[PDB]
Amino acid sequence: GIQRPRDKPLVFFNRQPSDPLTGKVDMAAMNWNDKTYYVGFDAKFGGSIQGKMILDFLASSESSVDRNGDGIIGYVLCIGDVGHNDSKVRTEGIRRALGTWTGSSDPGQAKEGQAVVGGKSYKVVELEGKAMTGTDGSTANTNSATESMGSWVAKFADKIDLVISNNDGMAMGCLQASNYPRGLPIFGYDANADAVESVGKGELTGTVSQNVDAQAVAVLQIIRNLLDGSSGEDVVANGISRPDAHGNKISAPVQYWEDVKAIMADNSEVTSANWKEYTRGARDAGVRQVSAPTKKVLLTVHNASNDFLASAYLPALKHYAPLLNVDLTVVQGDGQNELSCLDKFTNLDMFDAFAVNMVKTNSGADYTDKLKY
């Protein structure tokens, strides 16, 4: 077993060590030891994946998708918080995919695009892209999306061939319109439980997942690999992109970015073809019970009140950990003060490895200071 704390595995996850202003990765933190890694997802490519989902849908569709037969695929777009990078990325992704991108992710900025539908070339028009703001100033507002959808049906009628949304909340809001045209294709983003259920019902046409289960498995699997004596390629491949010695393997695609020591889950489209893999509580059948020696991990969460971490990430971790014979202890902070986590990152001698979700992305050395000796 590893004798010195400074040599024990350290997996940063979900918030990447980096300068908070520039995003430059903190390689001092990443190079703590050669058993230090980061697990996240391919976030910058999320909009590309949403775009590709829509293009693939159109490519395998028939001309009946063109409801008014005018040779144009018309769409309406629900934009979330206009100042938020997620809105910008997703808007850019779908506009570039459809050829309507002009250089701007703003509402009202689009040009005529093009796409293949059922083996024929069509023009594409963004009939309207609009931020869904509540009358209280709230962003990505569900009720505003419902109202906008109803007004869009009234205004554009059967020029609307599909609805695209920066997120699931707004797409589900559109589906609440009393005049939602039956079967009209609609796409969201986030793979929320209700959205995936809707995909299963053939209502929402598709959404996009960050593969939280793959990320949770990767954190634990990296640690399993290291504590069992893997070093180098096997650490980031075994159980991750190919089966490990027990036959376990993450089902979703996962990347490794060597320069920053980051294991990054792909974003995945969620459609009628795979929706059951993404429903609330669904777990990866590719990860089964192992008989490896039991090991102890202390894992931190930067904010106990973060719903994604509380409701999606942590339950995934707790499902997979026992399967990998990891005894997982979890401590959780307040989302504001690093000390809320640091002061709980204690009695480290009880553990074999560590997983850290920092409040501030530049706090790496405060954690490694505790593992020096």
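So that there is no doubt, residue numbering starts at 1 and follows the sequence shown.
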Comparing 355-363 with 15-23, which stretch shows the greater average C-alpha B-factor in the deposited entry?
15-23
Mind pulling up the entry and telling me whether 47-55 or 331-339 has the higher mean Cα temperature factor?
331-339
Per the PDB entry, maximal CA B factor within 142, 251, 225, 209
142
Based on the PDB record, which member of 169, 150, 293, 103 exhibits the highest Cα temperature factor?
293
Where does residue 276 sit by CA temperature factor within its chain: lowest, middle or highest third?
highest
Chain thirds of CA B-factor: placement of residue 109
highest
Residue 155 CA temperature factor, ranked by third within the chain
highest
Give the position of residue 66 by CA B-factor within its chain, expressed as the lowest, middle or highest third.
middle
What third of its chain's C-alpha B-factors does residue 201 belong to: lowest, middle or highest?
highest
